[PDB]
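If you read the sequence shown in this note's numbering, its first letter stands for residue 239, the second for the next number, and so on. Idealized CB from N, CA, C, for every residue including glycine. To start, the structure under review is shown below, and the notes come after it.
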Amino acid sequence: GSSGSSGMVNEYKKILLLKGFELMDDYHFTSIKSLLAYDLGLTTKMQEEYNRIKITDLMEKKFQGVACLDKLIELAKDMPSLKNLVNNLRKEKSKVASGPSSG
């Protein structure tokens with residue numbers, strides 16, 4: 239064999255989908271998709287054609303590193319409805335950093 243176990247597939251991307259678009263309502267799904275359309279180059283047609291996972295893959299490809307998370311939070315900052323996405327995303331980024339909590 240070559241390896242016993244591996245799971246290095248951009249952990250930041252996982253949180254971006256699981257805790258980013260998966261918990262996004264239409265109220266923001268249309269806003270984030272519109273604002274991001276200017277960057278990724280999406281449109282009114284692609285916005286409906288593309289899927290949640292599709293936009294996520296584009297966010298990571300266009301923004302590598304923690305930037306993919308900050309970008310999503312920066313756009314969903316002033317959103318009382320997206321209090322969990324911002325808290326989870328921000329908290330998730332901190333967990334990755336060196337700092338064993340609970341003790």
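For residue i, the three-state DSSP class (helix, strand or coil)
i    : result
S339 : coil
Residue range of the unbroken alpha helix (DSSP H) whose run includes residue i
i    : result
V334 : 321-334
Contact belief for residue i with residue j at Cβ below 8 Å, rounded distance in angstroms
i    : j    : result
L320 : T294 : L320 to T294, Cβ: 16 Å. No contact.
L327 : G258 : 7 Å
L323 : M262 : 7 Å
Residue environment, residue i, which counts as buried when at least 16 other CB atoms sit within 10 Å
i    : result
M246 : exposed
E330 : buried
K271 : buried
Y250 : buried
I253 : buried
* To do: Would you mind listing the alpha helix (DSSP H) stretches within the stretch 249-314 that are 4+ residues and don't spill past its ends, in chain order?
  => 249-254, 264-278, 282-287, 290-300, 305-313
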